[PDB]
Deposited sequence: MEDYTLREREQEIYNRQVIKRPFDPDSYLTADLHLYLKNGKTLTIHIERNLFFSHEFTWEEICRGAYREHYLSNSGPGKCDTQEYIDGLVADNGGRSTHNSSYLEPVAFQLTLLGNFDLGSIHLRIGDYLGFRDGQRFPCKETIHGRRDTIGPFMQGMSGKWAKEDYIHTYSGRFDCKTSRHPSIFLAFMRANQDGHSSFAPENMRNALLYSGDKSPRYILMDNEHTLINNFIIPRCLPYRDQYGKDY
């Protein structure tokens, strides 16, 4: 019989290479910020970076992906300072899920949800603000998952609603960095050239799906990404 062939041994080694690839320092960290929309559609901000990412997604970036929009924004910019007839935008998301596939340094993950002008935790003066907020380092709150990548340590999910605890009309700061358990830094003087040369790969993608089911089958599953659906099931 061919019950334990050299062909099969080779595959087994290749399986391990594939499963451990996220730990490869020249791989990507993959983060997906899923935003759940008022018409039941999903908007996924898909980000891949080798080493680090730091970007604040504006209300405009989140809501797309005229004078009426402007009048509305006026009211988000200044309390009681706009002439809009509606309290909230049809285009704002109602909930979110941040999911990760990569060797992330969990202590480096920042998710700060603020108002239109990026004010978070009710702290509304530029002079009082700092880069370290209350609801900010979500690392400890990220759950593990089963699904395709069950039993690995490089998938994590965190979700919530856009309610008054954070903001109902949001901008969202997201940052993260790749883990390093070894002594030599990838930001060391020897490596800064590379940290910056590859800093732009890739640009965030804004992916609209007709509903969560469509998101799962047209993107999550075929791209082999982790995901927790609204019923709690991990893929």
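May I ask you to mark the stretches of the deposited sequence that the structure leaves without C-alpha coordinates? Counting from residue 1, the one stretch without coordinates is 66 to 78.
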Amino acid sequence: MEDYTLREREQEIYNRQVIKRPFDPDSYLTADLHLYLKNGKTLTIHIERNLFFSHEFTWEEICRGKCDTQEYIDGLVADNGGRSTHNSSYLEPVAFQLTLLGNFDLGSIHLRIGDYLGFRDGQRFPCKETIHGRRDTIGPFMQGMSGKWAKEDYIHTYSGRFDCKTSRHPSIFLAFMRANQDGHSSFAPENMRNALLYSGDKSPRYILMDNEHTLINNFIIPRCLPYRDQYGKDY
From here on, numbers count along this sequence of modelled residues.
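Taking only the CA atoms, which stretch has the higher mean B-factor in the record, 81 to 89 or 67 to 75? Mean B over CA atoms: larger for 67 to 75.
Tell me which stretch has the larger mean Cα B-factor in this entry, 168 to 176 or 55 to 63. Between 55 to 63 and 168 to 176, it is 55 to 63 that shows the higher mean C-alpha B-factor.
Residue 189, C-alpha B-factor rank within chain (lowest, middle or highest third): Its C-alpha B-factor belongs to the middle third of this chain's values.
Would you mind ranking residue 183 by its C-alpha B-factor against the rest of the chain and naming the third, lowest, middle or highest? Answer is lowest: the recorded C-alpha B-factor places it there.
Looking at the entry's B-factor column for C-alpha atoms only, identify whether residue 204 ranks in the lowest, middle or highest third of its chain. Lowest third - that is where residue 204 ends up once the chain's C-alpha B-factors are sorted.
Using the B-factors in the PDB entry, rank residue 7's C-alpha atom against the chain and give the third, lowest, middle or highest. Within its chain, residue 7 is a highest-third residue by C-alpha B-factor, going by the deposited values.
Sorting the chain's modelled residues by C-alpha B-factor, tell me whether residue 143 ends up in the lowest, middle or highest third. For residue 143, the deposited C-alpha B-factor lands in the highest third.
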